[PDB]
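Participant: experimental structure and its sequence below.
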Amino acid sequence: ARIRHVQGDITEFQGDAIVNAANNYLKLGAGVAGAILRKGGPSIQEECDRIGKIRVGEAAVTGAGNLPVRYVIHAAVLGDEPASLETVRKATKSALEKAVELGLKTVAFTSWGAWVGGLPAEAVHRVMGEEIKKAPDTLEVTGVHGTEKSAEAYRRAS
């Protein structure tokens with residue numbers, strides 16, 4: 001799949017879905033997940049509670065409540081297993097699978113930076129970019145960044 005990198009707030013993304021890095025318990029916490037809980041409304045966490053725990057590396061789909069997208073795809077990157085480069089790759093891959101299975105076209109990611117605190121930056125980027133390019137061309141991915149400087153730096157790398 002093609003990826004474009006832009007500056008923005010993922011809670012503002014217009015399209016089919018946004019990906020949300022998560023613990024495998026699907027309990028949402030601070031940061032973007034926080035923006036998702038608040039801008040999205042309680043229905044996101046309710047469904048996550050109705051879904052229950054999944055495995056690390058797996059993904060789960062819920063509605064997006066009040067966001068301007070149809071779905072949130074929660075990608076389990078840690079929880080009862082610590083974050084690793086391997087959980088990142090799998091979670092990324094699992095999330096893209098859910099998107100294809102759902103017949104979606106447009107999907108957004110954030111950098112996941114807050115979740116990968118002790119992994120080498122360039123490795124995380126590599127594996128995620130590898131899984132994204134692998135996904136079918138029926139999917140158009142957006143990478144959403146807080147700052148223009150960062151958005152541009154991702155663009156350059158490609």
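Facilitator: Yep, it's here. Numbering: from 1, shown residues only.

Participant: which ones are touching the residue nearest to the spatial centre of the chain?
Facilitator: In the chain, the residue lying closest to the centroid (CA atoms, centre = their mean) is residue 19, at 2.7 Å. By CB atoms under 8 Å, 6 or more residues apart in numbering, the residues touching residue 19 are 72-75, 95, 107-110. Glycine gets a C-beta too; all of them are placed from N, C-alpha and C.

Participant: so which of the residues you listed belong to strands?
Facilitator: Among the contacts of residue 19, the residues falling in strands (DSSP state E) are 72-75, 107-109.

Participant: check contacts around residue 62.
Facilitator: By CB under 8 Å, 6+ apart, the residues touching residue 62 are 44, 47-48, 51, 71-72, 74.

Participant: wasn't it part of a strand?
Facilitator: Yes - under DSSP: H, G, I helix; E, B strand; the rest coil, residue 62 sits within a strand.

Participant: not counting sequence-adjacent ones, nearest residue to it?
Facilitator: Nearest residue to residue 62, sequence neighbours excluded (CB to CB, 6 or more residues apart in numbering): residue 47, at 4.0 Å.

Participant: report the separation between residue 130 and residue 147.
Facilitator: Noted for residue 130: a distance of 24 Å to residue 147, by CB to CB, to the nearest Å.

Participant: where do the strands sit along the protein?
Facilitator: 2-7, 15-23, 59-63, 69-78, 106-109, 140-145.

Participant: distance of residue 128 relative to residue 37?
Facilitator: Applying CB to CB to residue 128 and residue 37 gives a distance of 23 Å.

Participant: neighbour-wise, which of the two wins?
Facilitator: Using other CB atoms under 10 Å as the criterion, residue 128 and residue 37 rank with residue 128 on top: 23 against 19.

Participant: contact partners for the closest residue to the more buried one other than its chain neighbours?
Facilitator: Nearest residue to residue 128 in three dimensions, chain neighbours excluded: residue 92, at 4.9 Å (CB to CB, 6+ apart). Taking CB under 8 Å, 6+ apart as the criterion, residue 92 is in contact with 75, 127-128, 131-132.

Participant: of those, just the buried ones, ChimeraX syntax please.
Facilitator: To isolate the buried members of the contacts of residue 92 in ChimeraX, using 16 or more other CB atoms under 10 Å:
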select :75,127,128,131,132
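
Participant: I'd like the contacts of residue 92 as a markdown table, with distance to residue 12 appended.
Facilitator: A markdown table is the format used below for these (distance: CB to CB, whole Å):
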| residue | distance to residue 12 |
| --- | --- |
| 75 | 20 |
| 127 | 27 |
| 128 | 21 |
| 131 | 24 |
| 132 | 21 |
